[PDB]
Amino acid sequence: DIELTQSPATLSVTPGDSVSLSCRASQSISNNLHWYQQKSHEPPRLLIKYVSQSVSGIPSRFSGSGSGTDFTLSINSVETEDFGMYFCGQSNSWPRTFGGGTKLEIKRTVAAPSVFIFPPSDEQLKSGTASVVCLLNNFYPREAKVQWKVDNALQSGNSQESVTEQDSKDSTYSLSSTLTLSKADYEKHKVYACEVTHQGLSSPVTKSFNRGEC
């Protein structure tokens, strides 16, 4: 088939800046190359058609270009609404194929997380399980290290992270780290600690509680 290859896979842009996303095709596809933008939980939306031609209802800041096997989508002066996923799609042949996508993130001042730790409720304990929760709140950029320490022992594969999409107000991220232990194991130790490393922190922030203390 026709293989479509997009680069970069990821791009942070601060609004006002201008970006060129690239899409390369494995063989010629005439001018039947289109660009689509897709927001979370939304169908893709046609952005540029036929390599470079305007699409009804699409802001003028978007423009497409290219020839042969080398195509570009340009966004002159990106706006805060332009976060999302950008695909190229060919229609010169069946099957129709699409590139892998470029996720456009909105770049923004570095914001340290606020860290909060939550012991397991008593209700959940009586049922056999302890979920300890660490919340990193309203931070930017996305990279962060969350380290669980149980009685100073450093924890390994007993936690799952979960992150929000970029906040619609201030473009930050929030994430949760959920340590899950059996009631028995949880009750074998006293001091539960969450250690957060992040660009906006001069040193790691540790939040902790002690099962001996209400």
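Sequential numbering from 1, following the sequence displayed.
In this entry, 120-128 has the higher mean Cα B-factor, the comparison being between 136-144 and 120-128. Here 190-198 and 6-14 are compared by their mean Cα B-factor, and 6-14 comes out higher. Across the residues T172, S162, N158, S67, the deposited record lists the maximum Cα B factor for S67.
When the modelled residues of the chain are ordered by C-alpha B-factor, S40 sits in the highest third. Residue-level temperature factors show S91 in the middle third of its chain, judged at the C-alpha atom. Sort the chain's modelled residues by C-alpha temperature factor and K103 lands in the highest third, per the entry.
Among all modelled residues in its chain, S56 ranks in the middle third by Cα B-factor. When the modelled residues of the chain are ordered by their C-alpha B factor, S168 lands in the lowest third.
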